[PDB]
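As structure tokens, the structure follows; a few thoughts come after it.
For ligands, and for the atoms within them, numbers begin at 1 and follow the listed sequence. Residue indices begin at 1 and follow the sequence shown. The figures that follow rest on heavy atoms only: side chains count, while hydrogens, waters and symmetry mates do not.
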Amino acid sequence: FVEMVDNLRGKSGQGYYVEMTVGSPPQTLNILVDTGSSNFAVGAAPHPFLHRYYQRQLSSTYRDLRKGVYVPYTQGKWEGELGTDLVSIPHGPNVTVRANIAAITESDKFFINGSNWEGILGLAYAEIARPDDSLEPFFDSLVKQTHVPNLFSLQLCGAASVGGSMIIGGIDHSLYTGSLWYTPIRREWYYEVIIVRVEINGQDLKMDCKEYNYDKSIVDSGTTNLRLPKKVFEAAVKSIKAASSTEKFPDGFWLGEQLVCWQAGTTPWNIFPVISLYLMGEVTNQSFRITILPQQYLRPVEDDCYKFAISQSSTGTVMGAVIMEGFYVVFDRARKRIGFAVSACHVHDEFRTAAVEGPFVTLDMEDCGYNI
Ligand SMILES: COc1ccc([C@@]2(c3cccc(-c4cccnc4F)c3)COC(N)=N2)cc1
């Protein structure tokens, strides 16, 4: 899959995007890769932040579905017009599919002033598609219309320009070391998983594990932070504070309300703890653990200073870029599971590495999931 290596680009905090073509003749667009949503949705009007946009009038293969879509959300809204067209991925498999496209005609706080992308590829499942699960997601269409195996993997590398790989239809073993460890996709809507235990420097937080997944835990390439439920965040910060007593920091830093700075190349990673999440394993009573360094949760702010990239949530646990940048992540849809291996590109130092380890014995893992 050499042709797909390094097919992702981005800027810090603005997401990872892949090049796509839409319409006939092909219109090239940069499209954000989002495992936390399920619509393929592209700018279709000359919004001043956009480098380019889908011009339906120029596409012979375009088909109007004569339906609108309106999507408010936590941090903004978009609206648009549903249709289909021929879609390809130049640095992907050599195929062209007929996919649903939401042509975005109005938005608020959706596009980023300064970014180099113009749409979103929602890679999650039909159930959370807008307006409803009848709007077939892109990857479902890809699998139905081609022999592309039903899986994709992501290597998000970080550093200010970032890069990575989306391997569509498979796995490239040079992008990770050690073994892949798999967690079950609990339900096919978001990529929901179950976290069964949490450690800060080997120290168990000792919370009821249902709190780790209240009301949801997901793997989301479209979220920057590691986001934790309010209660879990509270306990986690308290233990991180304790473990890092050597220096002191204002309450605003932990809350993501201000930054903290050092001199160039003198940053003291060693006084910050590793964070370990144990995930439900493939077998009854078996778990495994993924561990990240402060290089994953203390993120450079250029516009050496750093922001604390763990934050509180009311939507559940969100394993965003902070987690994903430590690992090669395999979205093995064919087998309803997600694999984690140590990433060949993750940022580390001479003392500590991001790690994926197992097996461990963990009882009552099913009880850690939230039910309505
Ligand atoms: C279908 O409607 C939506 C609404 C919001 C999204 C976002 C989204 C929309 C726009 C931008 C971004 C974004 C911003 C910064 C960095 N990375 C991103 F993915 C994220 C929000 O959460 C996730 N996972 N995707 C996707 C689809």
Side-chain angles (χ1 to χ4, degrees), residues 8-18 20 29-44 47 49-50 67-82 99-140 154 156-164 166 189-193 216-227 256 299-301 303 307 309 311 313-325 329 331:
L8 299 187
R9 286 281 174 283
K11 303 218 256 78
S12 171
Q14 301 182 347
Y16 293 81
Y17 62 80
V18 67
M20 306 189 71
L29 303 166
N30 282 339
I31 301 294
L32 190 148
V33 163
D34 189 13
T35 70
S37 71
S38 310
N39 282 81
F40 184 37
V42 301
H47 180 110
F49 298 174
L50 294 181
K67 201 201 285 178
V69 67
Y70 185 83
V71 184
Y73 60 101
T74 310
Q75 308 193 55
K77 86 100 209 308
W78 69 273
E79 173 175 15
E81 293 159 17
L82 296 177
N100 294 317
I101 304 183
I104 297 176
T105 56
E106 210 68 42
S107 61
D108 188 44
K109 296 172 170 166
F110 181 80
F111 302 117
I112 295 170
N113 193 22
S115 70
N116 196 215
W117 58 266
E118 298 91 53
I120 293 204
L121 178 60
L123 288 170
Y125 296 99
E127 195 183 309
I128 70 177
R130 307 306 184 219
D132 60 71
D133 59 23
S134 79
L135 193 76
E136 188 177 79
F138 176 76
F139 208 86
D140 292 281
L154 289 178
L156 307 184
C157 288
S161 250
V162 304
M166 182 180 48
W189 58 324
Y190 298 91
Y191 289 100
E192 188 189 1
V193 299
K216 216 194 300 109
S217 295
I218 72 189
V219 183
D220 186 8
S221 68
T223 291
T224 299
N225 283 348
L226 169 57
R227 304 177 72 217
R299 52 188 292 96
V301 186
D303 177 27
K307 190 180 175 176
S311 61
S313 156
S314 45
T315 56
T317 296
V318 185
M319 299 174 59
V322 159
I323 290 293
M324 296 184 70
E325 276 162 17
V329 185
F331 296 79

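For ligand 1 and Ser37, the ligand atoms under 4.0 Å from any heavy atom of the residue are 26 (C), 27 (C). In the vicinity of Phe110, heavy-atom distances shorter than 4.0 Å reach the ligand 1 atoms 9 (C), 10 (C), 11 (C). Atom numbering of ligand 1 starts at 1 in the shown order; those under 4.0 Å from a heavy atom of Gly13 are 15 (C), 16 (C). Residue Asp220 approaches ligand 1 through these ligand atoms, each under 4.0 Å from one of its heavy atoms: 23 (C), 24 (N). Within the listing of ligand 1, atoms 2 (O) sit less than 4.0 angstrom from a heavy atom of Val71. The ligand atoms of ligand 1 that sit less than 4.0 angstrom from a heavy atom of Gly15 are 16 (C), 17 (N).
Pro131 is listed as a side-chain neighbour of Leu82, based on a closest heavy-atom distance under 4.5 Å. Using a 4.5 Å heavy-atom cutoff, the side chains of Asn116 and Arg9 are not in contact. Under the 4.5 Å side-chain criterion, counting only non-hydrogen atoms from C-beta, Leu8 is in contact with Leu154. In this structure the side chain of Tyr16 never reaches within 4.5 angstrom of the side chain of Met324, judged on heavy atoms. Residues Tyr191 and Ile218 are not in side-chain contact: their nearest non-hydrogen atoms beyond the backbone lie 4.5 Å or more apart. Looking at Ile31 and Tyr17, their side chains never come closer than 4.5 Å, going by heavy atoms from C-beta outward. For the pair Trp117 and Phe111, the minimum side-chain heavy-atom distance is below 4.5 Å.
The protein heavy-atom contact nearest to atom 14 (C) of ligand 1 is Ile112 CD1, 3.9 Å. From the protein, the heavy atom lying nearest to atom 17 (N) of ligand 1 is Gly222 O, 3.5 Å. The protein non-hydrogen atom at the shortest distance from atom 25 (N) of ligand 1 is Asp34 OD2, 2.8 Å.
Of the candidates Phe40, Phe111, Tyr190, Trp117, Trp117 brings a heavy atom nearest to atom 11 (C) of ligand 1.
Residue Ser38 places no heavy atom under 4.0 Å from ligand 1.
Counting heavy atoms under 4.0 Å from ligand 1, residue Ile120 touches it through the side chain alone. Only side-chain heavy atoms of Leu32 come within less than 4.0 Å of ligand 1; its backbone N, CA, C and O stay farther off. Only the backbone of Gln14 comes within contact range of ligand 1, with a heavy atom under 4.0 Å; no side-chain atom does.
Side chains of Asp220 and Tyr190: a donor-acceptor N/O pair is absent below 3.5 angstrom, by distance only.
For ligand 1, the polar-atom distance check against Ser221 finds no nitrogen or oxygen pair separated by under 3.5 Å. For a threshold of 3.5 Å applied to N or O pairs, the pair formed by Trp78 and ligand 1 contains at least one separation below that value.
A perpendicular orientation is assigned to the rings of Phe110 and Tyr73, their planes being inclined by more than 60° (bins at 30° and 60°).
In this structure, atom 1 (C) of ligand 1 is in close contact with the protein, since a protein heavy atom lies within 4.0 Å of it.
Considering only residues two or more places apart in sequence or on other chains, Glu118 meets the salt bridge (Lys or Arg N to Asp or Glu O under 4.0 Å) condition with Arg52.
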Item to check | Working for ring-ring contact (aromatic ring centres under 6.0 Å, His included), residues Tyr125 and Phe139 | outcome: CA-CA 9 Å; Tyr125 296 99; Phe139 208 86; 9.6 Å; no
